[PDB]
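The structure file my_file.pdb is reproduced below (PDB, C-alpha atoms and all ligand atoms).
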```pdb
ATOM      1  CA  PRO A   1      18.115  -2.909  -5.020  1.00  0.00           C
ATOM      2  CA  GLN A   2      17.369  -1.296  -1.685  1.00  0.00           C
ATOM      3  CA  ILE A   3      14.780   1.382  -1.733  1.00  0.00           C
ATOM      4  CA  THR A   4      14.071   4.005   0.829  1.00  0.00           C
ATOM      5  CA  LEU A   5      10.564   5.472   1.253  1.00  0.00           C
ATOM      6  CA  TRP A   6      11.214   9.274   1.224  1.00  0.00           C
ATOM      7  CA  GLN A   7       9.593   9.122  -2.210  1.00  0.00           C
ATOM      8  CA  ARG A   8       6.998   6.840  -3.877  1.00  0.00           C
ATOM      9  CA  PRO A   9       8.632   3.481  -4.598  1.00  0.00           C
ATOM     10  CA  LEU A  10       8.064   3.503  -8.352  1.00  0.00           C
ATOM     11  CA  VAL A  11       9.541   0.954 -10.609  1.00  0.00           C
ATOM     12  CA  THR A  12       9.583   0.429 -14.330  1.00  0.00           C
ATOM     13  CA  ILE A  13       7.778  -2.733 -15.479  1.00  0.00           C
ATOM     14  CA  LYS A  14       7.257  -4.505 -18.764  1.00  0.00           C
ATOM     15  CA  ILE A  15       3.922  -6.218 -19.428  1.00  0.00           C
ATOM     16  CA  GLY A  16       2.006  -7.145 -22.559  1.00  0.00           C
ATOM     17  CA  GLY A  17       4.968  -5.768 -24.607  1.00  0.00           C
ATOM     18  CA  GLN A  18       4.441  -2.345 -23.044  1.00  0.00           C
ATOM     19  CA  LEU A  19       6.404  -0.253 -20.590  1.00  0.00           C
ATOM     20  CA  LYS A  20       4.876   1.243 -17.464  1.00  0.00           C
ATOM     21  CA  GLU A  21       5.799   2.612 -14.038  1.00  0.00           C
ATOM     22  CA  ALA A  22       4.204   0.933 -11.010  1.00  0.00           C
ATOM     23  CA  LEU A  23       4.146   1.377  -7.249  1.00  0.00           C
ATOM     24  CA  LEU A  24       5.668  -1.328  -5.055  1.00  0.00           C
ATOM     25  CA  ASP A  25       2.837  -1.678  -2.555  1.00  0.00           C
ATOM     26  CA  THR A  26       3.223  -3.808   0.521  1.00  0.00           C
ATOM     27  CA  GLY A  27      -0.327  -2.878   1.523  1.00  0.00           C
ATOM     28  CA  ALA A  28      -1.797  -4.461  -1.585  1.00  0.00           C
ATOM     29  CA  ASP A  29      -2.737  -8.163  -1.638  1.00  0.00           C
ATOM     30  CA  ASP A  30      -3.224  -7.918  -5.404  1.00  0.00           C
ATOM     31  CA  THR A  31      -1.554  -6.300  -8.423  1.00  0.00           C
ATOM     32  CA  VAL A  32      -3.716  -3.702 -10.146  1.00  0.00           C
ATOM     33  CA  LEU A  33      -3.108  -1.926 -13.432  1.00  0.00           C
ATOM     34  CA  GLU A  34      -4.912   0.857 -15.108  1.00  0.00           C
ATOM     35  CA  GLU A  35      -6.662   0.330 -18.407  1.00  0.00           C
ATOM     36  CA  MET A  36      -4.266  -1.179 -20.883  1.00  0.00           C
ATOM     37  CA  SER A  37      -4.513  -3.840 -23.479  1.00  0.00           C
ATOM     38  CA  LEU A  38      -3.812  -7.464 -22.632  1.00  0.00           C
ATOM     39  CA  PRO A  39      -4.120 -10.687 -24.657  1.00  0.00           C
ATOM     40  CA  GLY A  40      -6.117 -13.732 -23.622  1.00  0.00           C
ATOM     41  CA  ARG A  41      -9.124 -14.344 -21.486  1.00  0.00           C
ATOM     42  CA  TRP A  42     -10.257 -13.021 -18.178  1.00  0.00           C
ATOM     43  CA  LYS A  43     -12.897 -13.257 -15.377  1.00  0.00           C
ATOM     44  CA  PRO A  44     -14.807 -10.369 -13.669  1.00  0.00           C
ATOM     45  CA  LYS A  45     -13.857  -9.380 -10.275  1.00  0.00           C
ATOM     46  CA  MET A  46     -14.246  -6.722  -7.645  1.00  0.00           C
ATOM     47  CA  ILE A  47     -11.686  -5.546  -5.138  1.00  0.00           C
ATOM     48  CA  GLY A  48     -11.685  -3.101  -2.254  1.00  0.00           C
ATOM     49  CA  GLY A  49      -9.630  -0.197  -1.093  1.00  0.00           C
ATOM     50  CA  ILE A  50     -10.052   2.956   0.811  1.00  0.00           C
ATOM     51  CA  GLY A  51     -13.043   4.574  -0.723  1.00  0.00           C
ATOM     52  CA  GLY A  52     -14.922   1.503  -1.788  1.00  0.00           C
ATOM     53  CA  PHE A  53     -14.799  -1.167  -4.403  1.00  0.00           C
ATOM     54  CA  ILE A  54     -13.782  -1.174  -8.069  1.00  0.00           C
ATOM     55  CA  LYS A  55     -14.683  -3.636 -10.824  1.00  0.00           C
ATOM     56  CA  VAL A  56     -11.729  -5.240 -12.591  1.00  0.00           C
ATOM     57  CA  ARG A  57     -10.711  -7.784 -15.200  1.00  0.00           C
ATOM     58  CA  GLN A  58      -8.815 -10.660 -13.901  1.00  0.00           C
ATOM     59  CA  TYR A  59      -5.905 -12.272 -15.834  1.00  0.00           C
ATOM     60  CA  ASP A  60      -3.939 -15.309 -14.566  1.00  0.00           C
ATOM     61  CA  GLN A  61      -0.483 -16.616 -15.478  1.00  0.00           C
ATOM     62  CA  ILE A  62       0.667 -13.231 -16.814  1.00  0.00           C
ATOM     63  CA  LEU A  63       4.322 -12.482 -17.349  1.00  0.00           C
ATOM     64  CA  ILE A  64       5.672  -9.311 -15.897  1.00  0.00           C
ATOM     65  CA  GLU A  65       9.130  -7.802 -15.551  1.00  0.00           C
ATOM     66  CA  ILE A  66       9.597  -5.687 -12.465  1.00  0.00           C
ATOM     67  CA  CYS A  67      12.800  -3.727 -12.428  1.00  0.00           C
ATOM     68  CA  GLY A  68      14.455  -6.608 -14.423  1.00  0.00           C
ATOM     69  CA  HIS A  69      13.033  -9.443 -12.404  1.00  0.00           C
ATOM     70  CA  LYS A  70      10.574 -11.747 -14.061  1.00  0.00           C
ATOM     71  CA  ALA A  71       7.409 -13.031 -12.427  1.00  0.00           C
ATOM     72  CA  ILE A  72       4.214 -14.733 -13.488  1.00  0.00           C
ATOM     73  CA  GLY A  73       0.959 -14.221 -11.713  1.00  0.00           C
ATOM     74  CA  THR A  74      -2.487 -12.751 -11.627  1.00  0.00           C
ATOM     75  CA  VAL A  75      -2.909  -9.248 -12.817  1.00  0.00           C
ATOM     76  CA  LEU A  76      -5.983  -7.108 -12.466  1.00  0.00           C
ATOM     77  CA  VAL A  77      -6.880  -4.339 -14.861  1.00  0.00           C
ATOM     78  CA  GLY A  78      -9.259  -1.488 -14.297  1.00  0.00           C
ATOM     79  CA  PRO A  79     -10.055   1.964 -12.921  1.00  0.00           C
ATOM     80  CA  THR A  80      -7.182   2.269 -10.515  1.00  0.00           C
ATOM     81  CA  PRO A  81      -5.674   5.757 -10.111  1.00  0.00           C
ATOM     82  CA  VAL A  82      -2.196   4.253 -10.226  1.00  0.00           C
ATOM     83  CA  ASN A  83      -0.500   1.042 -11.319  1.00  0.00           C
ATOM     84  CA  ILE A  84       0.056  -1.172  -8.269  1.00  0.00           C
ATOM     85  CA  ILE A  85       2.396  -4.143  -7.781  1.00  0.00           C
ATOM     86  CA  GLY A  86       0.945  -6.264  -4.965  1.00  0.00           C
ATOM     87  CA  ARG A  87       2.207  -9.000  -2.648  1.00  0.00           C
ATOM     88  CA  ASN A  88       1.255 -11.754  -5.102  1.00  0.00           C
ATOM     89  CA  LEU A  89       4.071 -10.472  -7.330  1.00  0.00           C
ATOM     90  CA  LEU A  90       6.391  -8.895  -4.693  1.00  0.00           C
ATOM     91  CA  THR A  91       7.004 -12.282  -3.131  1.00  0.00           C
ATOM     92  CA  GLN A  92       8.213 -13.623  -6.489  1.00  0.00           C
ATOM     93  CA  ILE A  93      10.882 -11.048  -6.928  1.00  0.00           C
ATOM     94  CA  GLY A  94      12.139 -11.541  -3.388  1.00  0.00           C
ATOM     95  CA  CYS A  95      11.037  -8.290  -2.092  1.00  0.00           C
ATOM     96  CA  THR A  96      11.258  -7.622   1.612  1.00  0.00           C
ATOM     97  CA  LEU A  97      10.694  -4.866   4.170  1.00  0.00           C
ATOM     98  CA  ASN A  98      13.483  -3.928   6.471  1.00  0.00           C
ATOM     99  CA  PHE A  99      14.021  -1.805   9.611  1.00  0.00           C
TER     100      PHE A  99
ATOM    101  CA  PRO B   1      13.564  -6.844  11.505  1.00  0.00           C
ATOM    102  CA  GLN B   2      13.333  -8.057   7.999  1.00  0.00           C
ATOM    103  CA  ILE B   3       9.859  -8.946   6.820  1.00  0.00           C
ATOM    104  CA  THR B   4       8.732 -11.159   3.982  1.00  0.00           C
ATOM    105  CA  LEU B   5       5.523 -10.547   2.091  1.00  0.00           C
ATOM    106  CA  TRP B   6       3.881 -13.941   1.982  1.00  0.00           C
ATOM    107  CA  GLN B   7       1.583 -12.480   4.587  1.00  0.00           C
ATOM    108  CA  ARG B   8       0.253  -9.005   5.217  1.00  0.00           C
ATOM    109  CA  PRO B   9       3.033  -7.099   7.006  1.00  0.00           C
ATOM    110  CA  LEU B  10       1.228  -6.328  10.270  1.00  0.00           C
ATOM    111  CA  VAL B  11       2.827  -4.882  13.290  1.00  0.00           C
ATOM    112  CA  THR B  12       1.809  -3.968  16.762  1.00  0.00           C
ATOM    113  CA  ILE B  13       1.761  -0.218  17.451  1.00  0.00           C
ATOM    114  CA  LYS B  14       1.235   1.862  20.525  1.00  0.00           C
ATOM    115  CA  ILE B  15      -0.646   5.101  20.083  1.00  0.00           C
ATOM    116  CA  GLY B  16      -2.755   7.312  22.322  1.00  0.00           C
ATOM    117  CA  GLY B  17      -2.022   4.870  25.212  1.00  0.00           C
ATOM    118  CA  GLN B  18      -3.696   2.067  23.234  1.00  0.00           C
ATOM    119  CA  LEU B  19      -2.561  -1.066  21.424  1.00  0.00           C
ATOM    120  CA  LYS B  20      -3.307  -1.741  17.757  1.00  0.00           C
ATOM    121  CA  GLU B  21      -2.143  -3.837  14.806  1.00  0.00           C
ATOM    122  CA  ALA B  22      -1.338  -1.897  11.662  1.00  0.00           C
ATOM    123  CA  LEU B  23      -0.229  -2.585   8.141  1.00  0.00           C
ATOM    124  CA  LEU B  24       3.196  -1.396   6.891  1.00  0.00           C
ATOM    125  CA  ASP B  25       2.136   0.118   3.577  1.00  0.00           C
ATOM    126  CA  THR B  26       4.624   1.395   1.082  1.00  0.00           C
ATOM    127  CA  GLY B  27       1.731   2.363  -1.208  1.00  0.00           C
ATOM    128  CA  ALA B  28       0.450   4.838   1.353  1.00  0.00           C
ATOM    129  CA  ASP B  29       1.710   8.471   1.442  1.00  0.00           C
ATOM    130  CA  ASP B  30      -0.248   8.878   4.681  1.00  0.00           C
ATOM    131  CA  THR B  31      -0.842   6.991   7.949  1.00  0.00           C
ATOM    132  CA  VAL B  32      -4.491   6.214   8.521  1.00  0.00           C
ATOM    133  CA  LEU B  33      -6.197   4.629  11.519  1.00  0.00           C
ATOM    134  CA  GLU B  34      -9.625   3.310  12.270  1.00  0.00           C
ATOM    135  CA  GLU B  35     -11.851   5.350  14.537  1.00  0.00           C
ATOM    136  CA  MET B  36     -10.086   5.720  17.798  1.00  0.00           C
ATOM    137  CA  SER B  37      -9.859   8.191  20.595  1.00  0.00           C
ATOM    138  CA  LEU B  38      -7.083  10.698  20.490  1.00  0.00           C
ATOM    139  CA  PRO B  39      -6.397  13.776  22.544  1.00  0.00           C
ATOM    140  CA  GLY B  40      -6.073  17.262  21.149  1.00  0.00           C
ATOM    141  CA  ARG B  41      -7.151  19.262  18.160  1.00  0.00           C
ATOM    142  CA  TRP B  42      -7.381  18.324  14.487  1.00  0.00           C
ATOM    143  CA  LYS B  43      -8.800  19.367  11.198  1.00  0.00           C
ATOM    144  CA  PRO B  44     -11.068  17.932   8.556  1.00  0.00           C
ATOM    145  CA  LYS B  45      -9.285  16.479   5.600  1.00  0.00           C
ATOM    146  CA  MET B  46      -9.952  14.271   2.583  1.00  0.00           C
ATOM    147  CA  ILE B  47      -7.924  11.418   1.275  1.00  0.00           C
ATOM    148  CA  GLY B  48      -8.050   9.165  -1.753  1.00  0.00           C
ATOM    149  CA  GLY B  49      -7.676   5.455  -2.463  1.00  0.00           C
ATOM    150  CA  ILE B  50      -8.823   2.763  -4.775  1.00  0.00           C
ATOM    151  CA  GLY B  51     -12.570   3.089  -4.403  1.00  0.00           C
ATOM    152  CA  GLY B  52     -12.842   6.776  -3.865  1.00  0.00           C
ATOM    153  CA  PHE B  53     -12.307   9.054  -1.042  1.00  0.00           C
ATOM    154  CA  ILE B  54     -12.812   9.266   2.627  1.00  0.00           C
ATOM    155  CA  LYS B  55     -12.955  12.140   5.060  1.00  0.00           C
ATOM    156  CA  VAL B  56     -10.662  12.071   8.024  1.00  0.00           C
ATOM    157  CA  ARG B  57      -9.396  14.001  11.046  1.00  0.00           C
ATOM    158  CA  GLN B  58      -5.882  15.142  10.826  1.00  0.00           C
ATOM    159  CA  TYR B  59      -3.530  15.182  13.835  1.00  0.00           C
ATOM    160  CA  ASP B  60       0.004  16.550  13.719  1.00  0.00           C
ATOM    161  CA  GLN B  61       2.880  15.579  15.925  1.00  0.00           C
ATOM    162  CA  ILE B  62       1.296  12.428  17.260  1.00  0.00           C
ATOM    163  CA  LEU B  63       3.578   9.940  18.955  1.00  0.00           C
ATOM    164  CA  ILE B  64       3.480   6.367  17.717  1.00  0.00           C
ATOM    165  CA  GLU B  65       5.449   3.370  18.660  1.00  0.00           C
ATOM    166  CA  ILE B  66       5.774   0.932  15.748  1.00  0.00           C
ATOM    167  CA  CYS B  67       7.142  -2.517  16.545  1.00  0.00           C
ATOM    168  CA  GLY B  68       9.097  -0.845  19.354  1.00  0.00           C
ATOM    169  CA  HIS B  69      10.399   2.110  17.395  1.00  0.00           C
ATOM    170  CA  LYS B  70       9.168   5.601  18.223  1.00  0.00           C
ATOM    171  CA  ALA B  71       8.122   8.244  15.655  1.00  0.00           C
ATOM    172  CA  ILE B  72       6.222  11.566  15.718  1.00  0.00           C
ATOM    173  CA  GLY B  73       4.157  12.559  12.710  1.00  0.00           C
ATOM    174  CA  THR B  74       0.749  13.202  11.297  1.00  0.00           C
ATOM    175  CA  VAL B  75      -1.867  10.593  11.959  1.00  0.00           C
ATOM    176  CA  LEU B  76      -5.200  10.565  10.270  1.00  0.00           C
ATOM    177  CA  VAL B  77      -8.294   9.011  11.792  1.00  0.00           C
ATOM    178  CA  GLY B  78     -11.436   7.918  10.053  1.00  0.00           C
ATOM    179  CA  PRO B  79     -13.423   5.198   8.260  1.00  0.00           C
ATOM    180  CA  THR B  80     -10.588   3.051   6.947  1.00  0.00           C
ATOM    181  CA  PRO B  81     -11.110  -0.713   6.773  1.00  0.00           C
ATOM    182  CA  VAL B  82      -7.666  -1.366   8.309  1.00  0.00           C
ATOM    183  CA  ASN B  83      -5.015   0.532  10.204  1.00  0.00           C
ATOM    184  CA  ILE B  84      -2.334   1.796   7.805  1.00  0.00           C
ATOM    185  CA  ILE B  85       1.188   2.988   8.545  1.00  0.00           C
ATOM    186  CA  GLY B  86       2.251   5.188   5.630  1.00  0.00           C
ATOM    187  CA  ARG B  87       5.564   6.466   4.289  1.00  0.00           C
ATOM    188  CA  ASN B  88       5.412   9.603   6.405  1.00  0.00           C
ATOM    189  CA  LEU B  89       6.089   7.286   9.383  1.00  0.00           C
ATOM    190  CA  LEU B  90       7.916   4.398   7.635  1.00  0.00           C
ATOM    191  CA  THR B  91      10.819   6.702   6.795  1.00  0.00           C
ATOM    192  CA  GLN B  92      11.205   7.518  10.548  1.00  0.00           C
ATOM    193  CA  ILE B  93      11.771   4.005  11.646  1.00  0.00           C
ATOM    194  CA  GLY B  94      14.290   3.443   8.908  1.00  0.00           C
ATOM    195  CA  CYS B  95      12.148   1.072   6.899  1.00  0.00           C
ATOM    196  CA  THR B  96      13.315   0.025   3.440  1.00  0.00           C
ATOM    197  CA  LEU B  97      12.254  -2.194   0.582  1.00  0.00           C
ATOM    198  CA  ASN B  98      14.743  -4.752  -0.697  1.00  0.00           C
ATOM    199  CA  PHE B  99      15.147  -7.180  -3.575  1.00  0.00           C
TER     200      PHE B  99
HETATM  201  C1  LIG C   1      -7.265  -6.422   0.642  1.00  0.00           C
HETATM  202  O1  LIG C   1      -7.477  -5.160   0.095  1.00  0.00           O
HETATM  203  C2  LIG C   1      -6.406  -4.559  -0.614  1.00  0.00           C
HETATM  204  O2  LIG C   1      -5.387  -5.156  -0.697  1.00  0.00           O
HETATM  205  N1  LIG C   1      -6.694  -3.220  -1.260  1.00  0.00           N
HETATM  206  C3  LIG C   1      -5.439  -2.966  -1.952  1.00  0.00           C
HETATM  207  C4  LIG C   1      -5.500  -1.367  -1.384  1.00  0.00           C
HETATM  208  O3  LIG C   1      -6.375  -0.635  -1.632  1.00  0.00           O
HETATM  209  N2  LIG C   1      -4.494  -1.084  -0.611  1.00  0.00           N
HETATM  210  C5  LIG C   1      -4.191   0.129   0.117  1.00  0.00           C
HETATM  211  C6  LIG C   1      -4.430  -0.236   1.538  1.00  0.00           C
HETATM  212  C7  LIG C   1      -5.753  -0.873   1.849  1.00  0.00           C
HETATM  213  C8  LIG C   1      -5.800  -2.253   2.016  1.00  0.00           C
HETATM  214  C9  LIG C   1      -6.986  -2.924   2.293  1.00  0.00           C
HETATM  215  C10 LIG C   1      -8.145  -2.221   2.395  1.00  0.00           C
HETATM  216  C11 LIG C   1      -8.114  -0.829   2.229  1.00  0.00           C
HETATM  217  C12 LIG C   1      -6.924  -0.172   1.958  1.00  0.00           C
HETATM  218  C13 LIG C   1      -2.788   0.663   0.010  1.00  0.00           C
HETATM  219  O4  LIG C   1      -1.796  -0.282   0.151  1.00  0.00           O
HETATM  220  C14 LIG C   1      -2.298   1.096  -1.255  1.00  0.00           C
HETATM  221  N3  LIG C   1      -2.871   2.313  -1.754  1.00  0.00           N
HETATM  222  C15 LIG C   1      -2.998   2.401  -3.210  1.00  0.00           C
HETATM  223  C16 LIG C   1      -3.357   3.755  -3.754  1.00  0.00           C
HETATM  224  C17 LIG C   1      -2.445   4.764  -4.079  1.00  0.00           C
HETATM  225  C18 LIG C   1      -2.893   5.985  -4.604  1.00  0.00           C
HETATM  226  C19 LIG C   1      -4.245   6.173  -4.784  1.00  0.00           C
HETATM  227  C20 LIG C   1      -4.850   7.313  -5.280  1.00  0.00           C
HETATM  228  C21 LIG C   1      -6.282   7.362  -5.383  1.00  0.00           C
HETATM  229  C22 LIG C   1      -6.984   8.460  -5.865  1.00  0.00           C
HETATM  230  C23 LIG C   1      -6.268   9.538  -6.251  1.00  0.00           C
HETATM  231  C24 LIG C   1      -4.883   9.499  -6.147  1.00  0.00           C
HETATM  232  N4  LIG C   1      -4.190   8.432  -5.677  1.00  0.00           N
HETATM  233  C25 LIG C   1      -5.116   5.159  -4.443  1.00  0.00           C
HETATM  234  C26 LIG C   1      -4.692   3.972  -3.940  1.00  0.00           C
HETATM  235  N5  LIG C   1      -3.135   3.483  -1.005  1.00  0.00           N
HETATM  236  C27 LIG C   1      -4.102   4.209  -0.534  1.00  0.00           C
HETATM  237  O5  LIG C   1      -5.240   4.032  -0.628  1.00  0.00           O
HETATM  238  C28 LIG C   1      -3.503   5.421   0.148  1.00  0.00           C
HETATM  239  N6  LIG C   1      -3.501   6.545  -0.794  1.00  0.00           N
HETATM  240  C29 LIG C   1      -2.504   7.304  -1.138  1.00  0.00           C
HETATM  241  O6  LIG C   1      -1.408   7.218  -0.740  1.00  0.00           O
HETATM  242  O7  LIG C   1      -2.801   8.331  -2.077  1.00  0.00           O
HETATM  243  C30 LIG C   1      -1.742   9.049  -2.643  1.00  0.00           C
HETATM  244  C31 LIG C   1      -4.077   5.821   1.517  1.00  0.00           C
HETATM  245  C32 LIG C   1      -4.106   4.655   2.453  1.00  0.00           C
HETATM  246  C33 LIG C   1      -3.184   6.852   2.156  1.00  0.00           C
HETATM  247  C34 LIG C   1      -5.461   6.376   1.361  1.00  0.00           C
HETATM  248  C35 LIG C   1      -5.670  -2.807  -3.388  1.00  0.00           C
HETATM  249  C36 LIG C   1      -7.099  -2.419  -3.775  1.00  0.00           C
HETATM  250  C37 LIG C   1      -4.695  -1.892  -4.074  1.00  0.00           C
HETATM  251  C38 LIG C   1      -5.337  -4.142  -3.863  1.00  0.00           C
END
```

With the file now loaded, output its structure as structure tokens.
Ligand SMILES: COC(=O)N[C@H](C(=O)N[C@@H](Cc1ccccc1)[C@@H](O)CN(Cc1ccc(-c2ccccn2)cc1)NC(=O)[C@@H](NC(=O)OC)C(C)(C)C)C(C)(C)C
Amino acid sequence: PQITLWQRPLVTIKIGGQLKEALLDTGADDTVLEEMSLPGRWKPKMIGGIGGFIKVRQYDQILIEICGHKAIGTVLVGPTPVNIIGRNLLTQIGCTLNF
Amino acid sequence: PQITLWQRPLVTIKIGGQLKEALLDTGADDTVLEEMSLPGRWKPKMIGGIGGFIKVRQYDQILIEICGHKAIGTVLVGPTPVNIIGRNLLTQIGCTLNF
């Protein structure tokens, strides 16, 4: 699909058997989700944004369906104000910027 | 141009007679730049991100040339770790997301 930016580029995703809406974020190296429940193990990690740094849980090889496209990658979970789909996953679903 | 996301989508921009590199950021409602010198008046404003919030100067009707395309909009200036080109400007240069 082609998406214009007059509004937030929100997409529906399916992860850990649950449905959520997430922002397609070209300015995000990583994918960050708000507190939700995920199976398996993780490693502590910290990441930075505007405003400072937040502490997250890191989960590798996680399946995610973004607007019907599957992808497996690292997903971070924590105190983010909004669910974010980062470049690590955008590349897998063939997402591109155009102008 | 079309742009893949294997790398951070950086572009050269011309603003306030100066050259900068900036990130095309679909996850940004606003355009925010590192401390720089701009002419005119502004106002104090606050904006939020992943680690919290930063205070910035707001400038309306600022001319920016992004990868050779011209746009006039609000540009914020302050303590951001990286120059960000937000949707308020992305829409003006006809930038889309595709997959
Ligand atoms: C290498 O660092 C990163 O990749 N930081 C990524 C990040 O923060 N990206 C920012 C741009 C950025 C990159 C590198 C260093 C610092 C900042 C954006 O791509 C995505 N983003 C993600 C984001 C979106 C909403 C919010 C938010 C926060 C508090 C309250 C409401 N919304 C926070 C972060 N947006 C914002 O912070 C924007 N906020 C915004 O549009 O607010 C509506 C700004 C910019 C205009 C301030 C993540 C932490 C998400 C991975």

### Task
Determine which residues of chain B sit within 10 Å of chain A, taking into account all atoms listed in the file, and present them as a ChimeraX atom specification.
/B:1-10,23-29,47-55,67,69,79-82,84-99

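For the pair atom CA of residue B:71 and atom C33 of ligand LIG 1 (chain C), the separation is 17.7 Å.
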
### Task
Please give the root-mean-square deviation of the Cα atoms once chain A has been least-squares fitted onto chain B, pairing every Cα in order.
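Computed value for the CA RMSD is 0.1 Å.
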
#### Entry: Å distance separating atom CA of residue A:78 from atom CA of residue B:33, one decimal place
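Atom CA of residue A:78 sits 26.7 Å away from atom CA of residue B:33.
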
### Message
I need the output of the PyMOL selection byres (((chain A and resi 57) around 12) and not hetatm) for this file as a PyMOL selection string; which residues are they?
### Response
chain A and resi 31-47+54-56+58-60+74-80

Write the residues you've just listed into a file as a PDB file, in the frame of the given file, and include C-alpha atoms for each of them.
```pdb
ATOM      1  CA  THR A  31      -1.554  -6.300  -8.423  1.00  0.00           C
ATOM      2  CA  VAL A  32      -3.716  -3.702 -10.146  1.00  0.00           C
ATOM      3  CA  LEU A  33      -3.108  -1.926 -13.432  1.00  0.00           C
ATOM      4  CA  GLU A  34      -4.912   0.857 -15.108  1.00  0.00           C
ATOM      5  CA  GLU A  35      -6.662   0.330 -18.407  1.00  0.00           C
ATOM      6  CA  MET A  36      -4.266  -1.179 -20.883  1.00  0.00           C
ATOM      7  CA  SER A  37      -4.513  -3.840 -23.479  1.00  0.00           C
ATOM      8  CA  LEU A  38      -3.812  -7.464 -22.632  1.00  0.00           C
ATOM      9  CA  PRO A  39      -4.120 -10.687 -24.657  1.00  0.00           C
ATOM     10  CA  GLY A  40      -6.117 -13.732 -23.622  1.00  0.00           C
ATOM     11  CA  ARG A  41      -9.124 -14.344 -21.486  1.00  0.00           C
ATOM     12  CA  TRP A  42     -10.257 -13.021 -18.178  1.00  0.00           C
ATOM     13  CA  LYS A  43     -12.897 -13.257 -15.377  1.00  0.00           C
ATOM     14  CA  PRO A  44     -14.807 -10.369 -13.669  1.00  0.00           C
ATOM     15  CA  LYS A  45     -13.857  -9.380 -10.275  1.00  0.00           C
ATOM     16  CA  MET A  46     -14.246  -6.722  -7.645  1.00  0.00           C
ATOM     17  CA  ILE A  47     -11.686  -5.546  -5.138  1.00  0.00           C
ATOM     18  CA  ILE A  54     -13.782  -1.174  -8.069  1.00  0.00           C
ATOM     19  CA  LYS A  55     -14.683  -3.636 -10.824  1.00  0.00           C
ATOM     20  CA  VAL A  56     -11.729  -5.240 -12.591  1.00  0.00           C
ATOM     21  CA  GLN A  58      -8.815 -10.660 -13.901  1.00  0.00           C
ATOM     22  CA  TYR A  59      -5.905 -12.272 -15.834  1.00  0.00           C
ATOM     23  CA  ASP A  60      -3.939 -15.309 -14.566  1.00  0.00           C
ATOM     24  CA  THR A  74      -2.487 -12.751 -11.627  1.00  0.00           C
ATOM     25  CA  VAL A  75      -2.909  -9.248 -12.817  1.00  0.00           C
ATOM     26  CA  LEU A  76      -5.983  -7.108 -12.466  1.00  0.00           C
ATOM     27  CA  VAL A  77      -6.880  -4.339 -14.861  1.00  0.00           C
ATOM     28  CA  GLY A  78      -9.259  -1.488 -14.297  1.00  0.00           C
ATOM     29  CA  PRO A  79     -10.055   1.964 -12.921  1.00  0.00           C
ATOM     30  CA  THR A  80      -7.182   2.269 -10.515  1.00  0.00           C
TER      31      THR A  80
END
```

### Message
Under the rule that all atoms listed in the file are counted, which of A:22, A:11, A:72, A:62 is the nearest residue to ligand LIG 1 (chain C)?
### Response
A:22

### Query
Counting all atoms listed in the file, which of B:83, B:30, B:61, B:68 gets nearest to ligand LIG 1 (chain C)?
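Residue with the minimum atom-to-atom distance to ligand LIG 1 (chain C): B:30.
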
### Task
Rounded to one decimal place, report the atom CA of residue A:21-atom CA of residue A:65 distance in Å.
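Result for atom CA of residue A:21 versus atom CA of residue A:65: 11.0 Å, one decimal.
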
Output, as lines of an AutoDock Vina configuration file, the centre and edge lengths in Å (one decimal) of the axis-aligned box that contains all listed atoms of ligand LIG 1 (chain C) with 3 Å of margin on each side.
```
center_x = -4.8
center_y = 1.6
center_z = -1.9
size_x = 12.7
size_y = 22.0
size_z = 14.7
```
